[PDB]
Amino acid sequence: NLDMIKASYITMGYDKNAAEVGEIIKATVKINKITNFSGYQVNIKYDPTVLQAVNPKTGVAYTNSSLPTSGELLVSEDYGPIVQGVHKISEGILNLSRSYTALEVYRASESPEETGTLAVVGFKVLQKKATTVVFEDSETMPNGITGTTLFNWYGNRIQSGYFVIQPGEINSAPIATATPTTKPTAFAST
């Protein structure tokens, strides 16, 4: 199956791949086996005219300085995680970064965090239309691997050994052939 694999990687999961206007999909970022991982930065693209980015708890729409919702990793108090977001929501662009900060302490623990969610962002369907959400490079992340930078408990960019898996698509996947056959059009004239 999809995600029935053994590699190292970052991806984004959806809570559901179909949604009606006004409802919200939970977009979760998660990594798989990233050795001695300790922090992330990512950059994401969506159709702003088709999706509105909101908090998944509060349903309040993001400001282009909004914090992502935390996943399982990078939320241990011991190691001093610190987070921040910076976006151009006008342009359907999001940049998020969270990282432990007491790395020596982290290293002492001799138990690294390598698999599991990282951040959670919510998208309110404006329009019932095929869109995609993708990690994509930015000028502000020259060293980025497809929108994505990752670190380890030394403070060193992990620049080899994993790849980036785009989340897929949202809504319309017609492809079918059922039975809706009448002519009930409205609409106006005179």
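All residue numbers are counted from 1 along the displayed sequence.
When 6 to 14 is weighed against 173 to 181, 173 to 181 comes out higher, by mean CA B-factor as recorded in the entry. For the pair 136 to 144 and 149 to 157, the mean Cα B-factor is higher in 136 to 144. Between the residues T58, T69, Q41, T35, the entry's highest C-alpha temperature factor is the one at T35.
Remark: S109 belongs to the highest third of its chain, ranked by C-alpha B-factor as recorded. Compared with the other modelled residues of the chain, the Cα B-factor recorded for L126 ranks in the lowest third. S99 sits in the highest third of its chain by CA B factor, as recorded in the PDB entry. When the modelled residues of the chain are ordered by their C-alpha B factor, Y46 lands in the highest third.
Sorting the modelled residues of the chain by their CA temperature factor places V54 in the middle third.
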